[PDB]
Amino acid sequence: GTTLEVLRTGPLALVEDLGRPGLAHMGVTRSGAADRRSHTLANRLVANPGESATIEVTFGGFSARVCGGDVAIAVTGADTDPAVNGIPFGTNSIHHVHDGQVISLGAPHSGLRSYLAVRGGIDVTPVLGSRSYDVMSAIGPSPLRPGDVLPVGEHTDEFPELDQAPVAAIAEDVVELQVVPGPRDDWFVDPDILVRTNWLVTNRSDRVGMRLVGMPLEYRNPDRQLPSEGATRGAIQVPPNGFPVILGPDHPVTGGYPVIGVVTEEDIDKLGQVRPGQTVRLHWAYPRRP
């Protein structure tokens, strides 16, 4: 049927969905969209089931041509001024694209990841029940390249274009995050450094984790090895160098670094919109105690 031909990708264009939960027994991480709220919205706008895959675009710059029929699309997350044959259409809104037309996302100034949804979804072959690409293990559909032809799944042309809840703007400079203290905050000489430091986000940040730099967190016992433990996205690992890492959707199932704190659920999607060079400020969700 209908396909999307990738003309240009930008820095990183991935097929993403809800991921592959419950697979730790085989060493497979959940993966999925880095900003779940934006991904879910893109799919709701085009009336897709919530399982449908979208294209997660990093720093904008993604272009695709429609072939074989008309499509309904939506772009959420970072505002890239999306256009169809040069005519802008607006982020967070359904847009009808005709056979032969070019969907083009620009470059955002605020935020990092945008989600392109298409009614019927990006119908690539699932891997371990998910169409999500896992950056670390390389499991799922390969990162998109120019020349790739993506199938659009089956759908009914008629659907209700429902009134959606307004979208909160993405933080342009300082990102404030709530952190549940622990479980290994006792490993650090002064764990409160975490919550009084202007942490800078580096260009080494990816879907495995966000790398922060600032005043290093020193260990009480620097040679102490933590037995490997299960991790989650939003967990703040502190490697021996003392520079915190906030785990992303592609984090490995287990890790060997002490976790000082874990970002609360409400603030986890904010991480998917933090650009390299931005400042992150952390705050305890509730006081820590021995």
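Sequential numbering from 1, following the sequence displayed.
Averaged over Cα atoms, the B-factor as recorded in the entry is higher for 152-160 than for the other of 152-160 and 77-85. Looking at mean Cα B-factors across 168-176 and 95-103, the upper value is held by 168-176.
Looking only at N43, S228, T58, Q237, the residue with the top Cα B factor in the deposited structure is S228.
Residue-level inspection of the entry shows that, of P244, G32, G256, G248, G256 has the top Cα B-factor.
In this PDB entry, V71 carries a Cα temperature factor that places it within the middle third of its chain's modelled residues. Per-chain ranking of the deposited C-alpha B factor places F188 in the highest third. Annotation for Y219: CA B-factor lies in the highest third of the chain's modelled residues. The deposited CA B-factor of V263 belongs to the lowest third of values across its chain. Sort the chain's modelled residues by C-alpha temperature factor and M136 lands in the highest third, per the entry.
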